[PDB]
Amino acid sequence: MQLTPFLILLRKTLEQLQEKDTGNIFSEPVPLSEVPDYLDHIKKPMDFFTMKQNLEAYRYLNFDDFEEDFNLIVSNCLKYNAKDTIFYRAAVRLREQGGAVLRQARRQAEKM
Ligand SMILES: Cn1c(=O)ccc2ccccc21
């Protein structure tokens, strides 16, 4: 299994997942200046920019490495925000619409 096709697949997958975040609320780290209590109960912040950096730093060498960080985006947002917020519901939607994107991408990786 070769690194380059896998990183190509991950790049395409990341773009596809990011397309689902239509408000771009997960594009960059949660602004810790704007939400000072964020780190009280969120242990590992994650966002799509950080994911792209990790990808390009060769930190993702299997599909789980990648999916785990995607799942952190979602779970951190569910954890931090009240259910009655757009932010919470955006994480739900990202989880749901991301599901098929990740499943298809993993099937591709398994054929490598
Ligand atoms: C995703 N998210 C949160 O989960 C919480 C606060 C916040 C503030 C600005 C941008 C995104 C944010």
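Side chains included, hydrogens not; waters and symmetry mates left out as well; all remaining heavy atoms used. Numbers here simply count residues along the sequence, with the first being 1. Remember, it's 1-based here, ligands and their atoms both numbered in the order they're listed.
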Original post:
Has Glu28 got more than 12 heavy atoms of other residues, nucleotides or ligands less than 6.0 Å from its CD?
Top reply: no

Subject >> Charged N-O contact under 4.0 Å between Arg106 and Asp64 >> reply: yes

Please tabulate, for the side chains in residues 7-17, all donor-acceptor contacts under 3.5 angstrom to protein atoms that are two or more places apart in sequence or on a different chain.
unit_1, atom_1, unit_2, atom_2, d
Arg11, NE, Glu56, OE2, 2.9
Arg11, NH2, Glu56, OE1, 2.9
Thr13, OG1, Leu9, O, 2.7

**OP:** Output every pair passing ring-ring contact (aromatic ring centres under 6.0 Å, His included) with a member in residues 84-106, not counting sequence neighbours, ordered by first then second residue.
**Re:** none

Output side-chain donor-acceptor pairs under 3.5 Å for residues 34-46, partner residues at least two apart or in another chain, one line each.
unit_1, atom_1, unit_2, atom_2, d
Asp37, OD1, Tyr80, OH, 2.4
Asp37, OD2, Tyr80, OH, 3.4

Original post:
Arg89 side chain to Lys83 main-chain N or O, any donor-acceptor pair under 3.5 Å?
Top reply: yes

Original post:
Exactly which residues line ligand 1, taking a heavy atom under 4.0 Å from it as the test?
Top reply: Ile25, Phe26, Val30, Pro31, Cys77, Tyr80, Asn81, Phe87

